[PDB]
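*Asks:* Protein chains in written order, with UniProt numbering: chain Z, 2 to 95, 315 to 587; chain Y, 535 to 540, 545 to 587; chain C, 2 to 93, 318 to 503, 510 to 540, 545 to 587; chain G, 482 to 587.
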Amino acid sequence: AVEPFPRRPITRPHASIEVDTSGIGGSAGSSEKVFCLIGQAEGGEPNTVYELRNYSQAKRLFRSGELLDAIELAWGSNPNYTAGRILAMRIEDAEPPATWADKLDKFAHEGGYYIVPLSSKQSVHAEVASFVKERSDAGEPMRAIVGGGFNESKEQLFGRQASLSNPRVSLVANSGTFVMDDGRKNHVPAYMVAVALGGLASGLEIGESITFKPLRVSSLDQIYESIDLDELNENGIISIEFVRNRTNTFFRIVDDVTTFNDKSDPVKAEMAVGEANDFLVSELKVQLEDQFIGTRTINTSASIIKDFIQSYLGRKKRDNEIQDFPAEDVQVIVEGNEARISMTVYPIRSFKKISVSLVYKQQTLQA
Amino acid sequence: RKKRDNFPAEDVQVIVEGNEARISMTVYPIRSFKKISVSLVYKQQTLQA
Amino acid sequence: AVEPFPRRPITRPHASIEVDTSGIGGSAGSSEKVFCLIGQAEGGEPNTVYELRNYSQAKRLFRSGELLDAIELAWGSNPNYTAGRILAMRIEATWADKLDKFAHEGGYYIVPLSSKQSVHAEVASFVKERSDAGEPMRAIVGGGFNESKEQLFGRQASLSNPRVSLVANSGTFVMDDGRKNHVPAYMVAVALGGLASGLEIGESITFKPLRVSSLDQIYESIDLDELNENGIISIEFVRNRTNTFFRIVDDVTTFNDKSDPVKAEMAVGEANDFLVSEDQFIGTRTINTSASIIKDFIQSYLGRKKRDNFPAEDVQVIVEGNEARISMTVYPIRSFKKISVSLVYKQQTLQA
Amino acid sequence: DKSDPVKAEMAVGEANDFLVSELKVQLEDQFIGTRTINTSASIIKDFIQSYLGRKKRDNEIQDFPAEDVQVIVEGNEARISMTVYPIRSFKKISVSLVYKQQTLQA
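So this is what it looks like as structure tokens:
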């Protein structure tokens, strides 16, 4: 803005100052991913959302229940990365709830992106799928991560992936044994592994894949063979590989394939680039809206909007949230009611194939 | 000549009537944006080293 | 399609983003040439098509039978090539009702593990019924343990079809258990089908080696020519070297015709089954036209394009009923069957 | 078949096997799942040249022409090309020995 000093005008001879702050006013940084959990628990009032920052704070707001273990796994499984905020909600009817759709809505305008329901029921999975679709269509992009029960055959997994083929749901096959800060080792259903994967994905930078990131678990109940893992990967089911040929044995997340059945478009198939797309569109929308709508269509606006877009995309390039962009494709056309804007973006892709061609050749040494 | 020192032929209208000629220019006032339309195209690029 | 963001339309003042994803879509490439087998086994659930990915899985599902020996040969003839997927089905008589099950399993070569000519005719009929549909297929078949040339000719004539090949020879394969397994010629056909599945799209099995220990019959050059000209595949014992080996003479087909490569030679038929095929200005821009000026215009256009990036003798134009069809010739990649060397002895004056 | 040394000779097949195995395992753990940053092709080229430098140091290859190391990154994948001169044991020596006269004067 620009402001007069004094604010009240003066008629008689005087000096007055007009001051412009746009050059020092800040700007919104890169948005933050926040992780959402819905859980059976003991503790605080049900059906309200708590922002949580510390395990101690969580262990005061909640006690002795699977939600608190889920929060523990969510922070503990990503040691290398900054521990983000978590949004958590106990659920009980004011007895077991018949439906969660009535409660999921209380997340709707929270600043939250990844959802995990702490239950195995396919109906709950469908409910959260519908909710994530709803909010995305409303313009609040979200994703869900989903998992089975304690132990499931490939047949059951394929059945579930049939029941939910969706670009905003991911299914986690493996269930395993974790080790807890309480000095406890517990067998858990696969959705707790999905909690771990959501913690890692929400910790990672925007547009960074969970594929081939390590996972920390005491054991897995199902150790899938190479053909088994290829089968599940073809079906768009996330699987955990036990690395055995290395001297050190550890568990990899094999891939970040969504449950969606068509692999031809990566923006729908792969979580990372879909997330990058979601954040890029959301930030473009909200920033252009608050920047320009209602402003006067002064003759130079065709410059100013191009300069704004080029600045924004330069900032996106700086953070490695896009690969590159052509500056000259940023083009603006102004008509009396409307700004029409064109841009090209090169998005950032994770490496998923490396092909080495090795040519043996002779050289004649002589002396 | 004036705009060289300092208008589109498509934007001036002339009517002559009764020894009088009315010359009417179009002019463009300043409005305010109500709509912004962004077309976002994802290309891809070969890097090489 | 172009995606609107938000998905919901809005009329109050707002921004909306339209996303063109179409510049990134992929996976548009071909299928691999999955291989198909039908025959006897123990253990497997009959008339169920199983995908198989390694021999251990095969021995886990199928056991103790000729289908597993076939799967062994199918990956043993081509050790220096990719060991791709195989589709296999235990069959516990009509075979069409079983062959129907392969109809929507995406595999290109099939071999029945039987020498019975009724079976071969059924398989040829199935290959026809599939390939005249949107999903091309081929089959390979063989005789028994020893059949005469006149029997092989009679069989080929009865089974004369542009998508079936007959292999004449039979022999012995060393199995990975060390067994000297004597096998009928249709297992040699399995071995050739495995090789052909392993080779690239429009590579050819002619002059590829066969890793076989011995052959029941060794054909001299005149007999190899006789079988080749009749469209029967035969295996040569290469004797001209201390490093003797067995060589697939040719990829001929039981339909033999000099006038069309695509039906005579299996590899070019496969290329045609897998090849891929690849601007308008409208007469209102001109008062009248003819095929002559259409040809000269399109020649000037493609001359400009090929300068930036076609022979006038190689474009045909027909105009009919307000429509002009412009037909280019194009040249596909074949494979050499003949090399002709003219060697001229000159002599030279040296001087010093 | 003596024609191919990678088949005929144990030492060459061994060197090949360890070369391709350590390439696969290290490119896997170094780069798979990493973002295609605009510099990624240069980083991979440096990594490959480092690896081959080590293999040369240890006398596990004869040499590599470092200019032939080429990397192309295109969307979801990298294609890498390299030339390697393999290490080989001597298995023949031929000496051609020519007698010549010399005139001595004093």
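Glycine included, C-beta positions come from ideal geometry on N, C-alpha and C.
Got a sec: is the Cβ-Cβ distance from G427/Z to anything in chain G below 9 Å?
*Replies:* For this step, residue 427/Z is matched to residue 207 along the first sequence. True, the Cβ-Cβ gap to chain G drops below 9 Å.
*Asks:* Please classify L68/Z as buried or exposed, where buried requires at least 16 other C-beta atoms within 10 Å of its C-beta.
*Replies:* Within the first sequence, residue 68/Z is the residue found at index 67, counting from 1. Classification of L68/Z: buried, given that the 10 Å Cβ count is 16 or more.
*Asks:* In chain Y, which residues lie with their C-beta within 8 Å of the C-beta of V565/Z?
*Replies:* Along the first sequence, one-based indexing puts residue 565/Z at 345. In chain order: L578, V579, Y580 and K581.
*Asks:* Name the two residues that bound the continuous beta strand (DSSP E) containing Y51/C.
*Replies:* One-based indexing of the third sequence puts residue 51/C at position 50. Per DSSP, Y51/C belongs to the beta strand (DSSP E) from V50 to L53.
*Asks:* Identify every residue that forms a DSSP beta bridge with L585/Y.
*Replies:* Translated into positions along the second sequence, residue 585/Y becomes position 47. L585/Y is bridged to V554/G.
*Asks:* Please name the residue in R516/G, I525/G, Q583/G and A522/G whose C-alpha comes closest to that of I542/Z.
*Replies:* If you number the first sequence from 1, residue 542/Z lands on position 322. Checked all of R516/G, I525/G, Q583/G and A522/G; the closest Cα to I542/Z is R516/G.
*Asks:* Would a C-beta distance cut-off of 9 Å place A358/Z and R13/C closer than the cut-off?
*Replies:* Taking the first residue of the first sequence as position 1, residue 358/Z is located at position 138. Taking the first residue of the third sequence as position 1, residue 13/C is located at position 12. Not closer than 9 Å, so no.
*Asks:* Whether or not the segment 560 to 576 of chain G and the segment 485 to 495 of chain G are in contact is what I'm after, with contact meaning three or more pairs of Cβ atoms, one per stretch, closer than 8 Å; do they touch?
*Replies:* Taking 8 Å as the limit for Cβ pairs, the verdict is that the segment 560 to 576 of chain G does touch the segment 485 to 495 of chain G.
*Asks:* Distance, Cα to Cα, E425/C vs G514/G?
*Replies:* Start at 1 with the first residue of the third sequence, and residue 425/C comes out as number 200. Start at 1 with the first residue of the fourth sequence, and residue 514/G comes out as number 33. For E425/C and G514/G, the distance between alpha carbons rounds to 30 Å.
*Asks:* What separation, rounded to the nearest whole angstrom, lies between the Cα atoms of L377/Z and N386/Z?
*Replies:* Position 157 of the first sequence holds residue 377/Z. Position 166 of the first sequence holds residue 386/Z. Near 15 Å, if we compare the C-alpha coordinates of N386/Z and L377/Z.
*Asks:* Please report the straight-line C-alpha distance between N497/Z and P546/Z, rounded to a whole angstrom.
*Replies:* Looking up residue 497/Z in the first sequence gives position 277. Looking up residue 546/Z in the first sequence gives position 326. The straight-line gap from Cα to Cα measures roughly 18 Å.
*Asks:* Nearest by alpha-carbon distance to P567/Y: which of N406/Z, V579/Z and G556/Z is it?
*Replies:* Here residue 567/Y is taken as the residue at index 29 of the second sequence, counted from 1. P567/Y has its Cα closest to that of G556/Z, out of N406/Z, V579/Z and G556/Z.
*Asks:* So which residues on chain Z does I513/G lean against when the C-beta distance must stay under 9 Å?
*Replies:* Residue 513/G sits at position 32 when you count from the first residue of the fourth sequence. The contacting residues are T431, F432, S570, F571, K572, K573 and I574.
*Asks:* Just reading off the alpha helix (DSSP H) that residue 131/C is part of, what are its end residues?
*Replies:* Coordinates for residue 131/C are lacking, as chain C steps from 93 to 318 with nothing built in between.
*Asks:* Which value, in whole angstroms, describes the spacing of the CA atoms of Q511/C and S562/Y?
*Replies:* On the third sequence, position 280 is the one that residue 511/C refers to. On the second sequence, position 24 is the one that residue 562/Y refers to. Their Cα atoms are separated by approximately 42 Å.
*Asks:* From what residue to what residue does the beta strand (DSSP E) around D527/G run?
*Replies:* Here residue 527/G is taken as the residue at index 46 of the fourth sequence, counted from 1. No beta strand (DSSP E) holds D527/G; the alpha helix (DSSP H) holding it covers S521 to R538.
*Asks:* Could you tell me which residues DSSP pairs with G423/Z in its beta bridges?
*Replies:* Residue numbering aside, residue 423/Z sits at position 203 when the first sequence is read from its first letter. DSSP output for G423/Z lists no bridge partner at all.
*Asks:* Can you pull the chain C residues whose beta carbon is under 7 Å from the beta carbon of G359/Z, in chain order?
*Replies:* As a first step, residue 359/Z is located in the first sequence; it is residue number 139 there, counting from the start. Those within 7 Å of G359/Z in chain C are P7.
*Asks:* Counting Cβ pairs, one atom from each stretch, are 3 or more of them under 8 Å apart for the segment 48 to 68 of chain C and the segment 339 to 347 of chain C?
*Replies:* Segments in contact, no.
*Asks:* Quick check on this structure: which residue in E454/Z, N455/Z and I473/Z has the alpha carbon closest to the alpha carbon of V463/Z?
*Replies:* Looking up residue 463/Z in the first sequence gives position 243. Here the closest residue by C-alpha is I473/Z.
*Asks:* Any Cβ of chain Z within less than 9 Å of the Cβ of residue 598/G?
*Replies:* Nothing can be reported for residue 598/G, as the shown portion of chain G is limited to 482 through 587.
*Asks:* Say whether chain Y places a C-beta atom closer than 9 Å to the C-beta of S531/G.
*Replies:* Looking up residue 531/G in the fourth sequence gives position 50. By this cut-off, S531/G is not an interface position.
*Asks:* For a contact meaning CB atoms closer than 7 Å, what does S562/G contact in chain Y?
*Replies:* Position 81 of the fourth sequence, counted from the first residue, corresponds to residue 562/G. Result: empty, since nearest Cβ-Cβ is about 11 Å, beyond 7 Å.
*Asks:* Hey, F351/C and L384/C are a contact pair by Cβ (cut 8 Å); roughly how many whole angstroms apart?
*Replies:* As a first step, residue 351/C is located in the third sequence; it is residue number 126 there, counting from the start. As a first step, residue 384/C is located in the third sequence; it is residue number 159 there, counting from the start. In fact, because the Cβ distance is near 13 Å, the residues do not count as touching under 8 Å.
*Asks:* Do you know offhand how far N453/Z's Cα is from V437/Z's?
*Replies:* Looking up residue 453/Z in the first sequence gives position 233. Looking up residue 437/Z in the first sequence gives position 217. Whole-angstrom Cα-Cα distance: 21 Å.
*Asks:* With distances taken Cα to Cα, identify the nearest neighbour of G40/C among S459/C, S23/C, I518/C and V366/C.
*Replies:* Mapped onto the third sequence, residue 40/C falls at position 39. The shortest Cα separation from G40/C among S459/C, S23/C, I518/C and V366/C belongs to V366/C.
*Asks:* Whose C-alpha, out of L391/Z, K526/Z, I460/Z and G456/Z, is nearest the C-alpha of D441/Z?
*Replies:* As a first step, residue 441/Z must be located in the first sequence, where it is residue number 221. The residue with the shortest Cα to Cα distance from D441/Z is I460/Z.
*Asks:* Among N55/C, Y334/C, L38/C and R61/C, whose alpha-carbon lies nearest the alpha-carbon of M90/C?
*Replies:* What you label residue 90/C is simply residue 89 of the third sequence in a count that begins at 1. The option with the nearest alpha carbon to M90/C is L38/C.
*Asks:* Relative to the C-alpha of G418/C, which residue among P486/C, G379/C, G332/C and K353/C is closest?
*Replies:* Position 193 of the third sequence, counted from the first residue, corresponds to residue 418/C. Among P486/C, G379/C, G332/C and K353/C, the Cα nearest to that of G418/C is on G332/C.
*Asks:* Under a CB-based cut-off of 9 Å, is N465/Z close to chain C?
*Replies:* Residue 465/Z sits at position 245 when you count from the first residue of the first sequence. It does not: the Cβ of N465/Z has no partner Cβ on chain C nearer than 9 Å.
*Asks:* Flag this pair as yes or no: are the beta carbons of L420/C and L435/C separated by less than 9 Å?
*Replies:* Reading the third sequence from its first residue, position 195 is the one you call residue 420/C. Reading the third sequence from its first residue, position 210 is the one you call residue 435/C. Yes, the pair counts as a contact, with Cβ atoms nearer than the cut-off.
*Asks:* Under 9 Å, Cβ to Cβ, is there at least one residue of chain Z near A492/G?
*Replies:* Counted from its first residue, the fourth sequence places residue 492/G at position 11. No, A492/G lies away from the interface with chain Z (no Cβ there is under 9 Å from its Cβ).
*Asks:* For a quick check, are the C-beta atoms of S395/Z and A416/Z less than 9 Å apart?
*Replies:* Within the first sequence, the letter at position 175 stands for residue 395/Z. Within the first sequence, the letter at position 196 stands for residue 416/Z. Cβ atoms of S395/Z and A416/Z: not closer than 9 Å.
*Asks:* Less than 6 Å between C-beta atoms, sequence neighbours within five positions excluded: which residues of the same chain meet that for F528/G?
*Replies:* Taking the first residue of the fourth sequence as 1, we reach residue 528/G at position 47. The answer is none, since no qualifying residue turns up.
*Asks:* Assuming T478/Z contacts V389/Z (C-beta within less than 8 Å), just tell me the rounded distance between them.
*Replies:* For the purposes of this step, residue 478/Z is taken as the residue at position 258 of the first sequence. For the purposes of this step, residue 389/Z is taken as the residue at position 169 of the first sequence. So it is a contact: roughly 7 Å between Cβ atoms.
*Asks:* Measure how close the beta-carbons of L391/C and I443/C come, nearest whole angstrom, since I'm counting them as under 8 Å.
*Replies:* Locating residue 391/C in the third sequence gives position 166, counting from the first residue. Locating residue 443/C in the third sequence gives position 218, counting from the first residue. So it is not a contact: roughly 18 Å between Cβ atoms.
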